[PDB]
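Following this are structure 1 and structure 2, which are two forms of one protein chain, each written alone as structure tokens.
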Structure 1
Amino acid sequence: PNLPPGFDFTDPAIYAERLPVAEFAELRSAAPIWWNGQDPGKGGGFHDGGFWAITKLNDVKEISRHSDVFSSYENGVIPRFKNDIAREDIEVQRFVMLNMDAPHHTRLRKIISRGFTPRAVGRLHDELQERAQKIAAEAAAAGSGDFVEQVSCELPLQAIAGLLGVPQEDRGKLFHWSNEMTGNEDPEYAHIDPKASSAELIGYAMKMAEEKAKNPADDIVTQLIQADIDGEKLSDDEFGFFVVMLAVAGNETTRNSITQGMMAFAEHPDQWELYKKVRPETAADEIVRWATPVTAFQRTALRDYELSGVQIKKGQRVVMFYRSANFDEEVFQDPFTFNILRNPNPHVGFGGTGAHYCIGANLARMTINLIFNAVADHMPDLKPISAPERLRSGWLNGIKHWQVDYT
């Protein structure tokens, strides 16, 4: 393929400036599964010499489905850390469900599903609606400011807090910890210590579990820590690792969908007009497809496997570029058209279907629909003041800041 020498699709230096859309498109055309070699010292924590770049949606689906072969546990699913991260700090990720394989994953996911039933998520609708409206009214009253801080940031965190029944008086500290827990190599956050924030949140969560045991109530936390028919339940530490996971799975992901959804609307005025008029809930999936907040997650081959004619060898990493897959010309009609009515919309923003498919997908969609209804209600004529500031990360597609005029 026509790419520069030394080009690495996980290079945070790229994402600090842009999404490598042309480069992904080149791979889908010329080399849809392509060895992305990595130079000595430049492995983002992985010292294996590179990985297979996976760029087509059907290949992402196949990997995701064949979790018996393609492991989350072996190397974790984050494909890029600081180049000099200790192996121990990669392996500690195995304490959360995202980086577990069956049978351990299977047990935990069955327990955790208690928190993500249609009924459980539905119970959050009304409070998240009220919150969304307030957030939007407060931003409008400010006149202008940072859209990320004023509009995108709070609702995802309030969704997590509502799900867990976190007391109001505890939400400030919970949000502070949660906003420091996703690693990046952005100079703006170089002083932050994810390890400390994570240890604090796990302490808080474990205390919550021990209290809920003594004082059972009708809520999600009680359901998680009380034995089901099979005696299955989260132990306190497992509850702690569940909360830590949510702090990093359900926070910057939804936040970035909201910011980039609004960026797409700013760029596509006809779609924004249509949105304001009919408020189509299909908008949430097109926003997730367009935003692809997780650019890539990886897996490791536990055995040799032939994927679309390419021999993947035992021990090798495959990196699923959801950002490429979501613009796959073979799956979508006019992928580079932003169409809030797209239906069906079989995007892989929430992963390929399979064992690890995003458990929060419907919570995320509801969050997105509620905040954009609020933005429509309170700031229908908002316009950007300056360009978004992107996050320096090799796997998260983030917007740090974006100045907008709500009037």
Structure 2
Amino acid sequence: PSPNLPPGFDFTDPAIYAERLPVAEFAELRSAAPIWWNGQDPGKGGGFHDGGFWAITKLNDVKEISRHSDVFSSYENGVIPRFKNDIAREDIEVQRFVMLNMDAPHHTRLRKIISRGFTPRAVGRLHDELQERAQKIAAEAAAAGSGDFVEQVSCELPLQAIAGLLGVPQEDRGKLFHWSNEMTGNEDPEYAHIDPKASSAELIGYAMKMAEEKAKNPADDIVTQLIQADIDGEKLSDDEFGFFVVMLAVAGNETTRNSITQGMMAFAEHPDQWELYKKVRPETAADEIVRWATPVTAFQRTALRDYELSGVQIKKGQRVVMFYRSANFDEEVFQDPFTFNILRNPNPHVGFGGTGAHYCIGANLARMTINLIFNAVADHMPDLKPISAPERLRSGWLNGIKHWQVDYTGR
């Protein structure tokens, strides 16, 4: 029995996400076709011209794909499953220069370097400054009375986390934030004029100058650990540091922003969870917010060989698309997946991906950012109330909120 979906439905269609999350449609796949061939008409594959892909909807299959990175490649077609239909193949392949789109052994070496400086100690060293910034953000928003929660609450702390991790001078954070924002959303009419390639090139140029500067003056950041040779002489070259900065700018900005916006949307819809949060301030809330928000709807892989997955024969060369938005509501893993429960524990969501080689290196920085901003929201605008419905982002793989009008003082 085929799944009850409209003919030609494409779960990476940006026109869907501009209006809604296809929650009923994912639930139908989980019940009737948990691994399902998503066909794509000629020229309508978002930059891929292979006839379609396997939709992966169950959490255990997402973990299996993610852990078998020897078979399911990030490099072969990159991990973003949807671009503009007319994107040039060369513009997909240039994305192989960021760690996200690399396979072992190249990925292994680069991740080892990135992780010697990107440690729990390094992240914890940002706690106090990000806490001060979160309190300032929430106080200034509340002072405004009403406004766009996305812009006045959600946007700034994730960017300041990237700046503090890298030790970016305060005078440069404006342009750093500009470049980061220019590298996502280009399929939405509101952002039709951004140029992510041009922005990435400007950020690489900036980052390579940073690498040369911070080599002369080591400072209390991660850059020095990254650009300094270890025992084996392993280190990021200046251009590798540049591609890492591009990586961070695109990985840790709008993802965390959208988790914050949709976290507060969830609190607005579940007042009892908001009351509980304000009283207990449970840090388990961050993981339930990421599960609920699933800011990356999906990443893909490409089979390097034939592989049988939960009884379905994946063929060499075929793409599999891991729908984290479906897996995070998998009835076989979660008790009451469609209950927003900030005390959920353990919370084995895959909002940060399936376990394995590419697991989000910023997961704990993201959780800390979320916990700090929601404490600040609780401290300064405990009675906020939405004014109008969120405006969603036209994207085929990112779950974004562009704007959300709220009354911070609660009438």
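Definition used throughout: the rigid core is the maximal C-alpha set that superposes within 1.5 Å between two forms. FYI, numbering is relative to structure 1, first residue = 1.
The residue that stands out in 219, 237, 329, 273 is 219, the single one whose Cα moves by 2 angstroms or more between structures 1 and 2 on a rigid core fit. In the rigid-core superposition between structures 1 and 2, residue position residue 182 carries a C-alpha shift of 1.8 Å. Once the two forms are overlaid on the core, residue 264 shows a Cα shift of 0.1 Å between structures 1 and 2.
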